[PDB]
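Trainee: First portion of the complex, with coordinates as positioned in the assembly:
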Amino acid sequence: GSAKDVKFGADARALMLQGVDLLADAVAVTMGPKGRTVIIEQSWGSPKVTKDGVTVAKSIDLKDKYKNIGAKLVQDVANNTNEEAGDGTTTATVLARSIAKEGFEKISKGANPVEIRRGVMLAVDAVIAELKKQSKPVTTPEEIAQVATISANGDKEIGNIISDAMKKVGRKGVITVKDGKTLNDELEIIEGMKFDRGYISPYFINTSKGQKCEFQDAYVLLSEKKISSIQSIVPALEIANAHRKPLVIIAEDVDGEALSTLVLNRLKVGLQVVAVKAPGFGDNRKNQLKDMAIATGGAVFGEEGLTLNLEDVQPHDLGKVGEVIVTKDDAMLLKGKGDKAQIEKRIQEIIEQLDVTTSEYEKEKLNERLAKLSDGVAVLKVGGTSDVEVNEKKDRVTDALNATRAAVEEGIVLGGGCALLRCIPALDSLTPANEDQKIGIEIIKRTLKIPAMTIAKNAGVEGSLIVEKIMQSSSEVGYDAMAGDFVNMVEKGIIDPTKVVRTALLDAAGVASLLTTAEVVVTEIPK
Amino acid sequence: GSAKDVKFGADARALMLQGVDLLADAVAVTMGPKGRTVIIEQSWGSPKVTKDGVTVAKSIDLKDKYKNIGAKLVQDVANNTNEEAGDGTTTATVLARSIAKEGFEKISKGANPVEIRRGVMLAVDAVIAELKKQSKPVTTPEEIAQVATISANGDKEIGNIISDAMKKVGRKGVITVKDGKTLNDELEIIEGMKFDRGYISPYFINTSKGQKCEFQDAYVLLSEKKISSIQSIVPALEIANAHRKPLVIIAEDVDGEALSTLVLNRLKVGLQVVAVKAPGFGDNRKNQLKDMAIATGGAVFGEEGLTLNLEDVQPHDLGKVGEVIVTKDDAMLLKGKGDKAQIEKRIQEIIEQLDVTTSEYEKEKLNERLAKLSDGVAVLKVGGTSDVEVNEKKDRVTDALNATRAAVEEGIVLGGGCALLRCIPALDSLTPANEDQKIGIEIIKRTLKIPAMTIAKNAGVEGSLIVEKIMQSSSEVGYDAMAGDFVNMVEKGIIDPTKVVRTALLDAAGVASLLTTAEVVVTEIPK
């Protein structure tokens, strides 16, 4: 209904490119081992110092609406790359800027930008297939330490402590990063668990940074069925509210008036409470229910063998824990006060049931339940002299954990932008169907040099000469930008997770090649 | 009451034409296989990239009131075409601009624009009759795939998946479109049902995009009698709202107090509920309610043989569903948790009843009932790397489904604007009753070239030469604008639904020829 401004063609495209260029120029200075940091003013408290690309991209909004559209699209690129990979957001930003620039340069009257986008997506699929061909799996703890060191801006202690954490709790174990009070980082092994069900309502969030629910020393209330009626929840809520510990309800499906009562009590008087769906289906859900009820030292409600009701809930049937974290991705329960002999009896029963399984799917879930109650979780405490230092370091530790998980999942390729450089002959062999698809393929071919050029540019040398020397070199040779030398990248440990590279390329290509199809931009008139 | 500005004659008409020209210029760049996209700034979140003409038209409002009047009239054209056909909104926009421009050019002292509008309507009726003579029915699935491919901007995978969906669930089956988490699209066959009754009141909408109601894992309280009385709904409401679930109440006529209380609780505390009228009239109605009660696994209330009241409602007597989508046009129910034995018993009872029916009207209703309960629905998940790409692709998938349903309903004509080009000799034979009707007929005669001209213009060639070569060609020959050639359009599959073409022409002609009769424009003084 508000009045709009409509711009056409080249002028609108140049304004959107100005926004893209501003955000990408801010992000690109943080790339590689000689990248520098960005200081972001906060409304409350101290400014934030970061090297993280999506953090810089999310903090930049522009007054000019036409520039802000391009800034928001590159912000979408960085956020999507952060969501499905956890690393590589700066690479995705510079790739998206390169694709948008090359697409805007190649638009004429006879050009078909939608078919150019088709050629871009075909070229990116070819590059991703070549990246999967080039990938090799991680087999050693040394490779894990190398991935974590590279992803932490060359910090070898971060790599060492992440490698030690995955040596203790396993390559698929739960690792947690929080603040540290000391000067140095430290690794702690504690009894905790984590399942793959987040929150249900978005109104249980108090920590505004990670968008997670952080309660400490909480009450735990399990259920087999759904804790449903008002007469079945007013006792539970009244005892769990009067007693000074927050409530964690584990139910099946929570969407309704008990949930809205929880939201309203959080709003008005501040009731600390959360409701979580129960992971697993069939008897696996009930077995994990019993496992968590024993581990928390509480009780199972609405079951079949006891028929315990929720109208008579006693204070001795609620589990006591020392921390619960409810992200939208997972739920995490640390330092339960369950009975030690009960946990040992449950682990002996799980061993007895492990001895009598041969179906290769029941045994996998039984081993998962065995490694939940016994292997424990790892907690990384990040040290530093101030909150701004600790937050800056925590960004890199989170990046390194995400990259190491990605590398365990999907393997490793050469670092320093060389993995994308070695996929250019995969695009040389392609046969385009028309001129527009050839334009798109050549756009991707030019874009593949951008990460290595950006790393070399931040190191203070001429990136085009570096990239030309790499392309003229053998496939194992690349540019150590920290030492300023052409080395064997795998031997020197300058390696990247394959998932991160292909994620950054795909997420940049889709959004940027869609943006380059635009003829008309409609914005709201600024009041 | 507010002060007004009154403008007369040619100046007011030129201002309204400026508004029409701005909106139609923004819409026209998206037309045909070489059309480009439009980016629309959203107040919240990411900008929207679209090729949809009605979406571009709806997003444009102008500060100048006189321009905004013309913009709103072309908005009416595009919205009406979208509402009655689902496709062809860009064609209707450019036809409306052409009619408004030619009508404004032909206004003089002696001209009678109401009689010119009469001539325009007569010419449009003649063109529609010629289009109906031109139309041929769809008989093959290859034609189905061709319609869906053309309507999806030449995307052949969209055409293939829509053809496969209509192979599985039938050419009149229920197909829905939602988001996909993956890169690629996917088709699934999900058990469910859809009936043709919308909501009762417009305060049941949370999704602000489609103006629909999307609830998940709900319960259904259905009654043959009207669920009316406060003492007959409030116990049922308390049992249904206590339990954490959404609610679907199905009744006959709901026009007083109960859902007003439901709306009041929705506004205050967040009551998730919807109330829907019951399809059918008489024995067909109660048959459908029994069928959906069996499908959802609940109970029938207010019946005549069991005499079950709405006061005594138990939690086991309501139907468990996994999704409900309530639009104004229709309502649908997805993944009912009804018992499988009673569903198979109901389908056997339907077969047994169909064995003893020969009235050719109850048979059709019973076949509709077995297609509700057994044939299932198709769900298309649209894939992509980001929400902006997914929404842009979802627009084209929705357009392709709408066009394919239109083509099943009313047949197909030539694509590329050639179908309207072949109705010009139908206007040559007309005999106008006076000079003003001849002016209107000639306005429509020049307007019929506009769609093919616009498609050729967007392809980067001279539209007038292309259209002239099309008239000099045989009736089966037209311009493939994607390949830039003159081809047999039926053999190459460049075809359009007849309903879409005639709907776009009618909706453009009516509004634009009413606009061209204006001598005086009254607007509000801007504060």
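Mentor: Sure, I can see it. Numbering: from 1, shown residues only, chains lettered A, B, ... in the order given.
Trainee: Can you give me the buried ones in stretch A:218-228?
Mentor: Neighbour counts using 16 or more other Cβ atoms under 10 Å in any protein chain shown place A:218, A:219, A:220, A:221, A:222, A:223, A:224, A:226, A:227, A:228 of stretch A:218-228 among the buried residues. C-betas here are computed from N, CA, C, even on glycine.
Trainee: Could you tell me which residues within stretch A:1-10 count as buried?
Mentor: Under the neighbour-count rule (16+ other Cβ under 10 Å), stretch A:1-10 has A:4, A:5, A:6, A:7 buried.
Trainee: mind checking how far the third one is from residue B:22?
Mentor: As defined by Cβ to Cβ, to the nearest Å, residue A:6 lies at a distance of 6 Å from residue B:22.
Trainee: Overlap in contacts, those two.
Mentor: Common contacts of residue A:6 and residue B:22 (Cβ atoms under 8 Å, 6 or more residues apart in numbering or on different chains): residue B:60.
Trainee: what residue is smack in the middle of chain A?
Mentor: With distances taken as Cα atoms, centre = their mean, the residue of chain A nearest its centroid is residue A:86 (3.6 Å).
Trainee: That one: what's it in contact with?
Mentor: Shown in contact with residue A:86 (Cβ under 8 Å, 6+ apart): A:398, A:399, A:401, A:402, A:403, A:405, A:406, A:500.
Trainee: Closest one of those to chain B?
Mentor: Chain B has its nearest neighbour among those in residue A:500, at 14.9 Å by Cβ to the nearest Cβ.
Trainee: so what secondary structure elements neighbour the helix or strand that contains that closest one?
Mentor: Assessed by DSSP states H and E, residue A:500 sits inside helix A:498-515. Secondary-structure packing of helix A:498-515 (3 or more Cβ pairs under 8 Å, 6 or more residues apart in numbering or on different chains; DSSP states H and E): helix A:65-84, helix A:89-105, helix A:113-134, helix A:387-410, strand A:412-414, helix A:418-421, helix A:435-447, helix B:387-410.
Trainee: closest to residue B:116 out of the ones you listed?
Mentor: Minimum separation from residue B:116 across the helices and strands packed on helix A:498-515 (Cβ to Cβ) falls at helix B:387-410, 29.5 Å.
Trainee: With mean neighbour count and distance to residue A:508 added, can I get the helices and strands packed on helix A:498-515 in a markdown table?
Mentor: What follows is these, written out as a markdown table (neighbours: other Cβ atoms under 10 Å in any protein chain shown; distance: least, Cβ to Cβ, whole Å):
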| stretch | mean neighbour count | distance to residue A:508 |
| --- | --- | --- |
| helix A:65-84 | 24 | 5 |
| helix A:89-105 | 27 | 4 |
| helix A:113-134 | 21 | 9 |
| helix A:387-410 | 21 | 17 |
| strand A:412-414 | 26 | 17 |
| helix A:418-421 | 26 | 11 |
| helix A:435-447 | 22 | 8 |
| helix B:387-410 | 22 | 12 |
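Trainee: okay, these in a markdown table with distance to residue B:449 next?
Mentor: A markdown table is the format used below for the helices and strands packed on helix A:498-515 (distance: least, Cβ to Cβ, whole Å):
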| stretch | distance to residue B:449 |
| --- | --- |
| helix A:65-84 | 35 |
| helix A:89-105 | 33 |
| helix A:113-134 | 25 |
| helix A:387-410 | 56 |
| strand A:412-414 | 56 |
| helix A:418-421 | 49 |
| helix A:435-447 | 27 |
| helix B:387-410 | 22 |
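Trainee: To residue A:254, which of these lies closest?
Mentor: Nearest of the helices and strands packed on helix A:498-515 to residue A:254, taken as Cβ to Cβ: helix A:65-84 at 24.5 Å.
Trainee: three-state assignment of the nearest residue to residue A:1 once chain neighbours are set aside?
Mentor: Counting by Cβ to Cβ, 6 or more residues apart in numbering or on different chains, residue B:61 is the residue found nearest to residue A:1 once chain neighbours are left out, at 5.8 Å. Of the three states, residue B:61 takes coil under DSSP: H, G, I helix; E, B strand; the rest coil.
Trainee: one more, chain C:
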Amino acid sequence: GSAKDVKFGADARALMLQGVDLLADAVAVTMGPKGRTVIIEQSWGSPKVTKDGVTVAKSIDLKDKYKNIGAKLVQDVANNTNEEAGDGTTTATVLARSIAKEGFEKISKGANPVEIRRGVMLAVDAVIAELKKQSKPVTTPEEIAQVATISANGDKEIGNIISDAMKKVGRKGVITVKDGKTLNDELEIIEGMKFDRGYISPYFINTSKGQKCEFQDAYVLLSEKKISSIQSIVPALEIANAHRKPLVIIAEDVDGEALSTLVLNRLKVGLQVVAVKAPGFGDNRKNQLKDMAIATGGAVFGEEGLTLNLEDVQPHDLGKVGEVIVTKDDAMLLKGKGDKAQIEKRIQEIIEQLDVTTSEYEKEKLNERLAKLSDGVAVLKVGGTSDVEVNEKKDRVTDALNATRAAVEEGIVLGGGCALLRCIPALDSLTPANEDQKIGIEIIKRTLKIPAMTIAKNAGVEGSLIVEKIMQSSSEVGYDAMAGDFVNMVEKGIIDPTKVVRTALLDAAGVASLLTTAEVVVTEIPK
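Mentor: Time to bring in chain C:
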């Protein structure tokens, strides 16, 4: 108490004339068969395209308050003509402007404007008497179709469908107009009724356009007495609102707290109820009340014989009415779901009491009962491709029904402004009492040529030559402005209702001749 601006004499009169001229110039372009339309911006939704004079007059307010006074006086003229005649508002506007202009020109130091107004009144009385002499009654359905065709801007199908409606339901039958979902207009005869009772409390409106109360499937709680006790009616209102349907109350007198409480609760919770008085007087009212109870299929309350209480309301005592339109002029109930056998028994009883009655005073009302119970109500659906087209056409259908009803009531005269032209010799024979009355008589004599001049001017020819030729012609000859010829206007069907002509002249003359007596204008200072 606010500060005022006071203007004197010729300057104030010229500013008021500027406002009159602006509004009349906007209205006058819509006059006659070659009139053009006016587009009015609406704050919500689409603009309104109209040919209706009072609609244009009501939409124009001026910032200059001196101009706005004249604009609002001509708006009063148009509104009064629309209220009593239902047509002829453009004629009344141009007549009022002519009288105001001629009166302002003739004001000097020795002129007495009040005596000029007296001469205007005497001249208008003479013209109205001559119009009544010239009038002839309508005797054929062809004349009915001709009146409805002329009043619908020459639309012959509107005239035909109105003539068919009055053939089916009678020349005094109930005909309504609503929207059509199709392209063409449709006529339907359905069961219903209408009684002339304006609803007492004016705060039961749900449609802002027609100022009508439009309810769907309301309940009928009809009673003969004054609906008095709140302890009696609160159960009844609670049952009616709580059975999920609206309520219609038939009362004797409502001037207190329960109706105000219903209005206030409508404002708070949104219950739907209307209260109207009962047609008839005495036992006629009770007989009609029994008739409406039988028609609506409900139950009579507060009757003298049974002494039935308003507390005891059965779940089916409230009758069902399927369409409620209660304007500020009348009340009207359609699609009453009454017992068909009871309705046939009631009409048999009415026939049995028809067969012997010889009073012709209550027998006329009993004949009205016979023509109210079963002769039916005509409904016209107006078709079109868009809401703006449908509303524009609905304005003309409403004008045509109003004019045809007026012509049935009071006869027909020549159209095209010729009827007023043939009353100029009636003013020639007048003998004024002084010079000021002579001035007023000459003002009306010059004004009588204005409608024919305006119709000829809108047709693109010179109006004064046309009027001079008409005055030089025989009494049956006038100007067909549509064909641009001089014809026998009765045989060509260009006729006007006598009531419309005399109402437009009287309503223009009174207000405009009162306006021309002004020496001083007092306005508020604009803040």
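Trainee: so how far is stretch A:77-96 from its chain's centroid?
Mentor: Mean C-alpha position of stretch A:77-96 versus that of the full chain (Cα atoms, centre = their mean, to the nearest Å) differs by 10 Å.
Trainee: before we move on, back to that, what about the helix or strand following the helix holding residue A:500 and chain B, touching?
Mentor: Using DSSP H and E, the helix or strand that follows helix A:498-515 in sequence is strand A:518-524. Yes: on the criterion Cβ under 8 Å from any Cβ of the partner chain, strand A:518-524 is in touch with chain B at A:518, A:519, A:520, A:521, A:522, A:523, A:524.
Trainee: Packing partners of strand A:518-524?
Mentor: Secondary-structure packing of strand A:518-524 (3+ Cβ pairs under 8 Å, 6+ apart): strand A:4-8, helix A:9-28, helix A:65-84, strand B:37-40.
Trainee: Select, out of these, the one closest to residue A:367.
Mentor: Of all the helices and strands packed on strand A:518-524, it is helix A:65-84 that lies closest to residue A:367, at 27.1 Å by Cβ to Cβ.
Trainee: Next one: residue A:348 relative to residue C:257, how far apart?
Mentor: 78 Å.
Trainee: Next: residue A:253.
Mentor: Using Cβ to Cβ, one gets 48 Å for the distance from residue A:253 to residue C:257.
Trainee: okay, these two: which has more neighbours?
Mentor: residue A:253 (19 against 9; other Cβ atoms under 10 Å in any protein chain shown).
Trainee: Tell me how far that one lies from residue B:193.
Mentor: 22 Å.
Trainee: now swap in residue A:204 and tell me
Mentor: Distance, residue A:204 to residue B:193, using Cβ to Cβ: 35 Å.
Trainee: before we move on, what about residue A:360?
Mentor: As for residue A:360, its distance to residue B:193 is 39 Å (criterion: Cβ to Cβ).
Trainee: Of these two, which one has the most company?
Mentor: More crowded of residue A:360 and residue B:193, by other Cβ under 10 Å: residue B:193, with 22 against 7.
Trainee: Quick check: the more buried one is in a helix.
Mentor: No: under three-state DSSP, residue B:193 falls outside any helix and is assigned strand.
Trainee: looking at the helices and strands packed on strand A:518-524, which is closest to chain C?
Mentor: Each of the helices and strands packed on strand A:518-524 has some distance to chain C by Cβ to the nearest Cβ; the shortest is strand A:4-8, at 17.3 Å.
Trainee: can you tell me which helix or strand residue A:452 belongs to?
Mentor: helix A:450-458.
Trainee: So which other helices or strands are in contact with that helix?
Mentor: Other elements packing on helix A:450-458 under the criterion 3+ Cβ pairs under 8 Å, 6+ apart are helix A:89-105, helix A:418-421, helix A:463-471, strand A:477-480.
Trainee: cutoff 6 Å now
Mentor: Where contact means 3 or more Cβ pairs under 6 Å, 6 or more residues apart in numbering or on different chains; DSSP states H and E, helix A:450-458 is packed against helix A:89-105, helix A:463-471.
Trainee: from the middle of its chain, how far away would stretch A:448-456 be?
Mentor: With Cα atoms, centre = their mean as the basis, the mean position of stretch A:448-456 lies at 24 Å from the chain mean.
Trainee: Now do it: everything it contacts.
Mentor: Residues external to stretch A:448-456 that are found in contact with it (Cβ atoms under 6 Å, 6 or more residues apart in numbering or on different chains): A:28, A:31-32, A:91, A:94-95, A:98, A:416-417, A:420-421, A:424, A:463, A:466-467, A:481.
Trainee: Could you tell me the angle between the helix holding residue A:500 and helix B:387-410?
Mentor: Taking axes from the mean of the first three to the mean of the last three Cα atoms, to 10 degrees, one finds helix A:498-515 and helix B:387-410 inclined to each other by 60 degrees.
Trainee: Report the buried residues of stretch A:265-281.
Mentor: In stretch A:265-281, counting by 16+ other Cβ under 10 Å, buried: A:266, A:271, A:272, A:273, A:274, A:275, A:276, A:277, A:278, A:279, A:280.
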